[PDB]
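Shown next as structure tokens: one chain only, the form deposited in one PDB entry.
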């Protein structure tokens, strides 16, 4: 408690020693409240005019238009689990780290790795303040003094400047220096692909939307019961102290300066948070707590994946009756769990596809559906079902939801079999029509649109409206202008190369589920979903407004060409059969 956080709080108390007050109408019961000073400020989503002008039929679809417009679960507290649960979680975490580290070496990430990261404009979610942008503070050795200072503080076992700014979400920013030190200690989890499928068997980190469908299908091929895919209710707010402690056991695989630094992040930022919060009543409240998730977007992913793999293995143990009760674990129930992990624990990881808080499990049989005592006690309460009502399974990998997607089996006119990702096309068009940020040029706007268009052509080519609208946007943006993206899966659509050539690389060449690597010569070799499948997943094919739009597409393309100016443009519409004269 208050020794570990006191320093961070005293430094802020003094930064605003003109303001300090212990207010009596503070709405925090779960969050420890320490005081407040004075402030006054707020990020609304803007519309991409290039994408909107080339998707006109969707101007009257509320599912699309509504997306463009527009904290009582973060004030909850999960009961510390039963003892038998704590034992199960501790034993499984131990085994899992060993498994994940069998062919990886934990290592410190570098200034030079973090420097290049912010320059190529990755999202690390920091605050703007001594410097301007993310890019400014990196080029300057007086910054890395402020970093150097903190780093030595962490080795000394204290912490001064590592404070969360708050603003089923609510993202926790940290000043860049704080994000560096996190990244230095734990960046290896992402950067060295600890949660690749090759390395973790359950994981899909860096597999890409074009491989996930194939991965669910290979899980389907295993003998067993239904595919379960239960979402947890507000998973970040359900991360117990015991989860943070079991996550910390990765430091047991570390050494030297690294081991101390990783230990510092876990003990001082994760297991003892300090957070500054705007309360429009506007002030800045300074609250603490020992539990819940609050890392950076990217480390959160890897740790969520870890704890999720752990819970689902344990839910599988309960379904297979490896243990009976969670109130306390016997010493034979210990050796039985242990014997299980050793004998079948790798086989059981390969029955799962886990991506942070999200999972699909094909358990050994359907007893799994009513194995709820361990899961509920770990605090990983399922969403939109009664706490003790059995999970409902899926009989068909092409119905399982995973990473906001479903997957179709699509058979090429030459018999080869693509497995393609999909979701409600209103979702895909509403997202493409949004440009997060202030002060975009017509050219930067146009280049974002082209990123979406190039993705549609790569991932969602089997949807008729998305192929046509992608050809239209790429016809309407200068052929040579480069795709952009302000918070960068595997993004092979981020290139100026011929898209049919990328398609052959991604779907034929680099695809391990394709045994015949015969290139595809033109876009008409590449099949669509069935017309009715396309309509089920939101297609406007058959509607009057869409038939007009398609017939008169070269007129919308020209409107955009005229707003941008006289530049060098390619016509891509002859790539489709109907427009090919």
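Take the two forms, find the largest set of C-alpha atoms that superpose within 1.5 Å, and that set is the rigid core. Positions refer to the first chain, counted from 1.
Below: the form deposited in another entry, not depicted.
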- Superposing on the rigid core between the shown form and the other one, the only one of 444, 218, 80, 320 with a Cα displacement of 2 Å or more is 444
- Task: Indicate whether residue 523 shows a C-alpha shift of 2 Å or more between the shown form and the other one, with the rigid core used for the fit.
- Result: yes
- Task: Determine whether the C-alpha of residue 513 shifts by 2 Å or more between the shown form and the other one once the rigid core is superposed.
- Result: yes
- Core-aligned, is the CA shift for residue 197 between the shown form and the other one 2 angstroms or more? no
